[PDB]
Amino acid sequence: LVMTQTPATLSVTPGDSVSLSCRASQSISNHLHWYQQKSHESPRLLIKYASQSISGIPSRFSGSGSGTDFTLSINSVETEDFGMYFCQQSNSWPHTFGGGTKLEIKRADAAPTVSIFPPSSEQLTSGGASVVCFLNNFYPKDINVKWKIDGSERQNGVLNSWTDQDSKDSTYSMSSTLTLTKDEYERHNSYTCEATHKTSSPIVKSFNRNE
Amino acid sequence: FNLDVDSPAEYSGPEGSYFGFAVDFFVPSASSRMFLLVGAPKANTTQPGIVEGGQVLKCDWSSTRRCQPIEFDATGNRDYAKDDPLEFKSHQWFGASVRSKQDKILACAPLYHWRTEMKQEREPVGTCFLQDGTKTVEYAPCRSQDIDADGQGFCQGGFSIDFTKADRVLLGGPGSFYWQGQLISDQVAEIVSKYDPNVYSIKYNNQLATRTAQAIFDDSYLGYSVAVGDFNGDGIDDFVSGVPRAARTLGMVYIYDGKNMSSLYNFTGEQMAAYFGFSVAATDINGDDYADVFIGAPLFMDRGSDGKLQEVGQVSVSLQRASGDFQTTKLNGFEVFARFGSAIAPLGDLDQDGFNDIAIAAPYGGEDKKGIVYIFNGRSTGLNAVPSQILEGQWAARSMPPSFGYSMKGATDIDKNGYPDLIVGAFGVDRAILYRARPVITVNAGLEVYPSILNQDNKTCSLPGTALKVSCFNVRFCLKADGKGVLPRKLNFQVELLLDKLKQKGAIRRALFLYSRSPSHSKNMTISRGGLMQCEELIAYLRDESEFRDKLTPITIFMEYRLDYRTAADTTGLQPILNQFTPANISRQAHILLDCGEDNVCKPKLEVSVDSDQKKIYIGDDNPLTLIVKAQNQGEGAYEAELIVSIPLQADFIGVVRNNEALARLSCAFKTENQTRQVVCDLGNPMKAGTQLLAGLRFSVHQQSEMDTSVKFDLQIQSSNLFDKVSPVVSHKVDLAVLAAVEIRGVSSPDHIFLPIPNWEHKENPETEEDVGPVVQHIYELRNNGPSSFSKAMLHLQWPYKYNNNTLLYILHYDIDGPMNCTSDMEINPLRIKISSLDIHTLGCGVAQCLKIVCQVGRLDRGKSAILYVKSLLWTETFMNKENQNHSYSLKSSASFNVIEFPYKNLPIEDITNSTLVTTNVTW
Amino acid sequence: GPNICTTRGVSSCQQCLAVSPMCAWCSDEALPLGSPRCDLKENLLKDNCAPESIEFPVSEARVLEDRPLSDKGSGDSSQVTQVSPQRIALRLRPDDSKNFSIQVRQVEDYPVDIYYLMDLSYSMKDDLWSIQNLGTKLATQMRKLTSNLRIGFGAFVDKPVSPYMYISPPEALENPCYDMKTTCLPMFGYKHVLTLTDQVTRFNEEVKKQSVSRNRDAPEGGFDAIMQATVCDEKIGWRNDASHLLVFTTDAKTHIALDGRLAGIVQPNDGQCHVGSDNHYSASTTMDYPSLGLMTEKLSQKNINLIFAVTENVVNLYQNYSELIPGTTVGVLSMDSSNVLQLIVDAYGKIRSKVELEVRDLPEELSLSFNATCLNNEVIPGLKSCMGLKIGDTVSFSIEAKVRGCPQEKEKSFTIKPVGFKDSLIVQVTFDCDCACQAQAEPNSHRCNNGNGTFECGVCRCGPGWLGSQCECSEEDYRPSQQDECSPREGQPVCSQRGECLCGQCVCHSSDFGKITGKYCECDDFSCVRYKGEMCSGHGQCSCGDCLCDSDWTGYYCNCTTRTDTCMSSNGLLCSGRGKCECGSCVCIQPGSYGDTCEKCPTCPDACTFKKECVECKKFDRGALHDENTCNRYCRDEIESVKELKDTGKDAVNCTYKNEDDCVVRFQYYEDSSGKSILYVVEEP
Amino acid sequence: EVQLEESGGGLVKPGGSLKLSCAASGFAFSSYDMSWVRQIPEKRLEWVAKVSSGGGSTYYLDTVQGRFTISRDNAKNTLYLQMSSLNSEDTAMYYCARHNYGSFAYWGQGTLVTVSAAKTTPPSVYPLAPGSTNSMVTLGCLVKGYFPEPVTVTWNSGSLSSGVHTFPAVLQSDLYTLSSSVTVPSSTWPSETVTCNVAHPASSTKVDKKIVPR
């Protein structure tokens, strides 16, 4: 048995309504459950047995379907509805889960706050050099971050991480780390963090090793 | 019998909801207006998200047939999550079972399901909704932490219901503890007061319940059917719980103490899958203030005349006694698959006669299997098993048949008269019917004729259209409209008068009325209050003697009655009925005078005398006796002439003898009427002067006991005549007699003895048979040949012994039987013969000195044999003569007797005497 | 001459046939109110009514069709026939009857249609596995019983409703056994899988393809499954020319009618087929269980025998259900079901050991009495059946078809069939109570000489208002003349009391509590002697106050029986051979014997005076038994002559007598010589 | 209220073994079925094993069977999963869960299992301070080269919670790197001390790093 779950990602403005669809390769009667998973938290049963809700779960969440095709609809999505959703089949061994849907909340565009940090003396002592760039409180999640060393684009050694969407403001933060060898670091003067984002014309932050 | 099927109050609801599953009657202290309750399990309603939840609707019986839902709730499923039922109100069958008392209605949903916060498992707990005035309470003790089938999760509380006297609620929950079942009981007052809507597991302080039973009782279903009553003597009503699959599918009914769930009584079915316990009901059927239990077993298979198993349904009746020892009868359905045991319900007193009674449903009976309900009264000794009336469905199956009587309630006076109805459900038609009991009127009608004997010459009436006069008579019609309870003061009776009923059918119309000039008249009579025997009088015309030849045939005058209906009914359509045992056919016979002298009076001169063909009846047998009875008519004739003879039962009447042409052949009855024994001969109704009827009346007289010396027959002839109705009595006696011939007989075992017996020798002191001689057994008997037995007789024996000085026969032993005791003068067995192991010629008692043996003989029956055997040896010394060779001898004893006393003390008694000689020929 | 109908049928040609089988009545003025009427056929015949005007129908027993009974089941082409008569014509007269017989054979090699209906509850998963070798093996063993056997298959798992099914509390029970690390099927009520086929190897494969389901409620849905398997001929594959064996295999107690109330199932079961195109019982959620009554009627009506292949611990219910489901049989099933082969072979042999008849559509007025020949030529009364037969054996039933009164003139078909057999006897029954000249009558007012009346059977019949011997004295008035013999010997009653003479016939005016019949108002339906509150104790009918006793009764009051078992002794002799029987009792014989059978006789001259009589004739040609030619049957004792009467030392009575020749003979009478009576008579008196 | 707490996760060399425990309270432990469900690095949930309420029936994922054992002690109210012959595919967050008829009604918090030949290594923590002015100043700390996950970062021992953003770890060649930022008023820094506090449980190492001006 294979559980196909679509759509994989979903961007929903507060007050708008959405639905998820679960497809089973064979008939699973009504033996399908739905779960929600918020950041750094465990999964929670939302709807059990295709349409039976649970106890402290809002009416806005309504499951439906039988056999091979099931839905989970959410009326008037709230900020707190952000997070992953999963269906699970309990008809036949092994039990299986759908791929999962990442529900995101749409909000006003927000330009990032960009801050550039040079390598610490402590890191330089051990022979390394990491130039760090923080891009906080922005929306939409799609941002292009480039590093320029003496004006030349660099990809090697650059590591990014995005936070999951913030439960209060529904914004994103990301961190871009450019890691080099101390001796390589000492061959260049200007280190620049470039962020291309809607809301603008890239945002640039720079540090000069000779300053 | 007074339940009409003519103007029932027919109630119904929306198609497919199954209105009729359960019915009840609501009578709040709040008003004079009462309502019927009809449950409808698949009903749809307002409650959002709920389908086929079921509902109970309240209906005003006074016209206004619209049924309306009881507002037990309006909301959707109790929530927990939003839109997640914590209780499933859908597909739960509300109205499947409905009951009420006063101002409280408690509706059931046996398939009510719950969710428990503990586990996501839907459970068929079954609950009820309580409507208290306007306050609503959920009744569900069945809902607890005992979440599943092991527990109370499967109680399905709601298949059966009742209330005790005062206020306890009985909720059957047959699915409890793996379908062993459970009866749940609580005070409704506590349920209402201690209820908290945020808790679905409320326990009650006075809560009772059948305890979990052994696996032995798996699938028994205690709670499918329930009733209440005063079974454990007085105090609180007990609980009557049907458990149809108990006792290995035979079914059982348990009676639990109302105050404590511990079995008091246990009743069972005799047949597998009969479902003894489908319908349990209780009532005081005998009118003696103690409830009995009537248990329906609808699938009961009876046995027909051909040995076939017939599914008819049974109602098992257990009748209560002070000792708890129940007596029993059985009622059974008539038709196959007409499941009679489906419902039993109180009717109360159908005739206001002091007895509480019931009605029985057979929901699938009738051609076009509509359902039949059987109504009958109670009796001091049980139920009248035979219906006096039935109620029947008036609707065809839409799909499934209505199942009339599936559910039923009664013993409530809905209308003004205190005669209870039957609320009969018909769930397959979405219907329930109220069959009302009508008032019962006993109408005493009487018809009299003053000039009952007519004289065609007494032409005193004027015929209105002629100058001619008419011989005529006065016919009177009276009416008593008696009735109880509430009936209109003025009743309307339609009465028709028919004259000469037996001749209008193709024969000459012998009589007609003076004014209508026809053989009939009719009128509508208004009879009020009861006892007001008002009347009308009609005058009849005897038709002219010049045309009509009849003289003897009676003129019959008849009343025919109908009690009316619309004009004697209430505004509710409750028409009256007349009492089922009261006739509407009343009559009088009139006769025409024939002869009767110048006086115009029939003046009979009736006389009877007899000739006995046989004068004696022997005592102790069936002795035929024929008496010829001569009936004379020396005066005028007679009307309805008969021979009446008073005959002791011991004289068993056979009939009138048909073997002698000299005698009249008279038809003759044999009867016993109010401490009498009588034989009655038909002498001819229109008896005419000079007629002589002789007939032989044959009897068999048994009288075997010590009775009177004669048998007496008392004879008279009589009539229904105007004058001298009865002849003088001739008293005839037949002598009885003691006849007891007794025959005396006897034999000597061998008839002869030969002297040269091998190894027979003399000894100075002989021992054993061999040294004495041959053994001869002499038998004497008294046999009673005559029919009369006796109390005392003697049998006298003379045994020749000493011829000269020679002792011949030595008696070894007296073998006596029958009531016999022998006394001897002389020593018996002086020779000490310890043998056991069993005038020269005639040695008579007048020759040889004999022993005198007298046997007392006690009471002997006719045909009895009184026996005396004398076992004796012939001693060698006294046969082997020494003086001169020897002689042939005849050894002769004599048995005489005399019968002295008979038990027939008042009868002539003669001594019965005779004698027999018994001999052996002794030769060489 | 004047016999019964003389007074009872003279007023009506239909009534004289209603009254007695011996009566006839002439027409065409053969005997134009000559004097006798109705009487007996023979009296009218002699009194100028010999020609066929007598209207004397008789009863008849004829056979319309008698296709011969077959020896072998495989003997196709001409239909294999199990019974001898096929169609019978029966013609009755009122209060009459005719005999016929039914020969039924347990035909050898008769084909078998067997359906294996299985319990598909989880405890049976290993049974489905074991059964993988059946079908092939079952049929193979059955090849000995018959060369033609077909095997089908189906299953039951109980009604898929809330209280039986695990309710689908969650989804998890939509496809159950998730509870125990396995999988199993949902509940379906009753399923049909394989129709009966000769390709029995199909069963082996079809059972392997199956698997079990889950049941919460322990009781089985087996009764719906049996009834549908019994009723749904079109899918089950039952061929009428075959025995139908429904095998019910189970490990549990069944659920029954009205138990279904728990699921809201209250619909009566009509005993109909509800299996659809999906080979599934669609009624499984709406109809209740069939009753024992419905099962019995449908399996009997359609010739289906049920075999209960039930495990040991539940047999008590199945055996008790079979007692209430006649014609069925119950065996004991192994937990691995390996013995179904043997269970069925023996169940078949047991089924074929009983022959039982049932009569369908029998009317209320007819009584069919049976005497069944169970062995050799002995028949036992009151039996519709015989036990202990083997395949190839026959049973012969003797049937008496009697009619009470005069039922309506319609032809009825009485179907007499063995239960389980397709073949049956159709007896076509009619009632000849009418005279031909009753129908061939045209009353027409006139024709009754000069008058207004009716006419039938060759004579005129004036009704009320016209009456008279022919057509006169409407209501007397032409009556004070003619006299006539209104009463025997002219004793001058008007008419035997209850009646009056009217122009040659008497008219009975009485109409109270019964009827009066005959020319002189002779017969009083209502007047006779009571024995115990009832005329002649209900053991005879009356005619003119003369009670006509019923079978095995005598006396004026019909209370003296002619039954003698109550006066019969232990030795098989009535009154022990010494007494007279009277009214079910015994009259004492002169010597003084006494008791119900004259058992005791204390006075009785010793036996030697009764036994000498036998010797005196059997050996000496003298005595009462010689003159009466009776000794040869009277004396069944063994009598031997001896040279010496020896000291036996046993129970030998020394008897003696002097003969006609002045000789003295001695003999010994010995009792109980291994039950026999032995006499030793001296050779030399 | 239902309480589920799993423990015993950590770094295991491939081919190795590890036992996970999950304590339970607040319910009738022996009345419910128990399951282990794991969340694979792709964030996909996978059911691993189920044990029946009485412990009689045990079901496993086919690619797990023969290597893992699920068991329970109903007296000790503790569920177990004994793993063996572990591969890289077994790396996941393991969650114990309570059943409600096929659903997992209640879940634990999760115990992380890392299957890898890499050795346990403590993080090196570096300050992120601005290069040599506004109303607010952004600071941070770089947590580099640790193994296995997890690592916990607080500012001023949990006193500073506002303005804090901790980034998910990025795995580069058997070592994880994360960063954490904090925004504070410019007027309070360096006037007040801001310290980054880093906990690495797998190596029992805790590092306090003061952010000082450059």
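Residues numbered from 1 in each chain as written, not as in the entry; some residues may be left out. Chains lettered and ligands numbered in written order. Heavy atoms only, no water. Residues with missing side-chain atoms left out of burial classes, pairs and counts.

Structure determination for the deposited model, as stated in its record, used cryo-EM, and the stated resolution is 35 Å.

Side note on the overall build of chain B
Using the following cut-off: For helices the rule is a DSSP run of H or I covering at least 4 residues; for strands it is a run of E covering at least 2, with both sets numbered from the N terminus onward. Using C-alpha atoms as the atom set, the radius of gyration is obtained and then compared with a globule rule of 2.2 Å times the number of residues to the power 0.38.
Tallying secondary structure elements over chain B gives two helices and 68 strands in all. Since a compact globule built from 924 residues should have a radius of gyration of about 29 Å, the 45 Å found for chain B marks it as more spread out than a globular shape. With the C-alpha coordinates of chain B rotated into their principal frame, the extents come out at 145 × 105 × 45 Å.

Observations concerning the overall build of chain A
Looking only at helices and strands, chain A has two helices and 19 strands in total. On C-alpha atoms alone, chain A measures out to a radius of gyration of 23 Å, which is more than a quarter above the 17 Å that the 2.2 N^0.38 rule sets for 211 residues. Projected onto its principal axes, the C-alpha positions of chain A cover 70 × 35 × 25 Å.

A look at the UniProt feature "binding site: Ca(2+) 3" in chain B
Under the convention used in this document: UniProt positions are given in the numbering used here, feature names are shortened, and annotations may be inferred rather than shown by experiment.
Residues annotated in UniProt with the feature "binding site: Ca(2+) 3" correspond here to B:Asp349, B:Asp351, B:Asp353, B:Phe355 and B:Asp357. Of note, B:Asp357 is situated in strand β28 (residues 357-362).

Digging into the domain arrangement of chain B
The following threshold applies: Start and end points for every domain follow an automatic or database-based domain assignment.
Entries for chain B in the domain assignment read domain 1 (18-201), domain 2 (284-437), domain 3 (440-592), domain 4 (606-737) and domain 5 (742-923). The straight-line distance from the C-alpha centre of domain 1 of chain B to that of domain 3 of chain B is 62 Å.

A look at the interface of chain A and chain D
By a frequent convention, interface size equals the accessible area lost on bringing the separate parts together. Rules: Contacts between residues were defined by any pair of non-hydrogen atoms, one from each residue, lying within 4.5 Å. Classes in brief: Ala, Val, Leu, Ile, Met, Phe, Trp, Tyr, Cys and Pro nonpolar; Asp, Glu, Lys and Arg charged; the others, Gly included, polar.
Taken together, the contacts link 15 residues of chain A with 16 residues of chain D. Tallied by class, the residues present in the side of chain A that touches chain D amount to six nonpolar, eight polar and one charged.

Brief notes about the sheet that holds strand β53 (residues 678-682) of chain B
Residue and element names in this part refer to chain B. Using the following cut-off: We call two strands paired when DSSP finds no fewer than two bridges between them. Helix axes use the C-alpha atoms of the stretch in contact, all axes being lines fitted to C-alpha atoms, and the angles between their N-to-C directions lie in the range 0 to 180 degrees.
The strand order across the open sheet built from six strands is β48-β56-β55-β50-β53-β52, with neighbouring strands paired in mixed fashion. The two strands at the open ends of the sheet, each matched to only one other strand, are β48 (616-618) and β52 (668-671). Sheet twist, expressed as the mean angle between neighbouring strand axes with direction ignored, is 25 degrees. Pairing geometry for β48 and strand β56 (residues 730-737), over three bridges, is parallel. Each residue of the ladder has a partner; that of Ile-617, found in β56, is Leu-736.

Considering the sheet that holds strand β18 (residues 195-200) of chain D
All names here are of chain D. Taken in spatial order, the three strands make up an open sheet running β14-β18-β19, and their pairing is antiparallel. Every interior strand has two partners, whereas the edge strands, β14 (152-155) and β19 (205-210), have only one. Here the average twist between neighbouring strands, direction ignored, is 15 degrees. Pairing of β18 with β19, which is carried by six bridges, proceeds in the antiparallel orientation. Paired with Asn-197 across the two strands is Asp-208, which belongs to β19.

Some words on the environment of C:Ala155
Mapped onto the elements of the fold, C:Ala155 is located in strand β5 (residues 149-158). Beyond its immediate sequence surroundings of up to four residues, C:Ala155 is in contact with C:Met118, C:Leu120, C:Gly189, C:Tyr190 and C:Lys191.

Some thoughts on the domain arrangement of chain A
Structurally, chain A comprises domain 1 (1-107) and domain 2 (108-209). On a C-alpha basis, the centroid separation for the pair domain 1 of chain A and domain 2 of chain A is 36 Å.

Focus on the UniProt feature "binding site: Ca(2+) 1" in chain B
Residue and element names in this part refer to chain B. Here the UniProt feature "binding site: Ca(2+) 1" sits at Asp-230, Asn-232, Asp-234, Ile-236 and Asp-238. Of note, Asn-232 is situated in the loop between β17 (225-229) and β18 (238-243). Looking at the element boundaries, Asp-234 is found in the loop between β17 and β18.

Comments concerning the interface of chain C and chain B
Counting residues at the interface gives 22 residues for chain C and 26 residues for chain B. Split by residue class, the side of chain C that touches chain B holds nine nonpolar, eight polar and five charged.

Focus on the environment of B:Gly277
All names here are of chain B. Topologically, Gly-277 is positioned in the loop between β20 (260-268) and β21 (279-283). Here the alpha-carbon distance between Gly-277 and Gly-296, two residues 19 residues apart in the chain, equals 5.9 Å. Leaving out residues up to four positions away in the same chain, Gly-277 has contacts with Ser-225, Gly-242, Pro-244 and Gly-296.

Considerations on the pairing of strand β43 (residues 534-542) of chain B
Residue and element names in this part refer to chain B. When strand β39 (residues 469-483) meets β43, the two strands line up antiparallel, connected through eight bridges. Within β43, the position partnered with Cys-472 by the bridge is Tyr-541. By the bridge criterion, three bridges tie strand β41 (residues 511-513) to β43 in an arrangement that is antiparallel. Looking at the pairing, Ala-511 lines up with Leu-542 of β43.

Focus on unusual backbone geometry
In this structure, D:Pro148 follows D:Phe147 across a cis peptide bond, with omega equal to -5 degrees. Along the chain, D:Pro148 turns up in the loop between β13 (136-146) and β14. With an omega of 15 degrees, the peptide bond running from D:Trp189 to D:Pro190 counts as cis. Relative to the helices and strands, D:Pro190 resides in the loop between β17 (175-185) and β18. The phi angle at B:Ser63 is positive, at roughly 45 degrees, despite the residue not being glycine. Of note in this structure, C:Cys575 is not a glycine but carries a positive phi near 55 degrees. Assignment of secondary structure puts C:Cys575 in the loop between β27 (560-561) and β28 (580-582).

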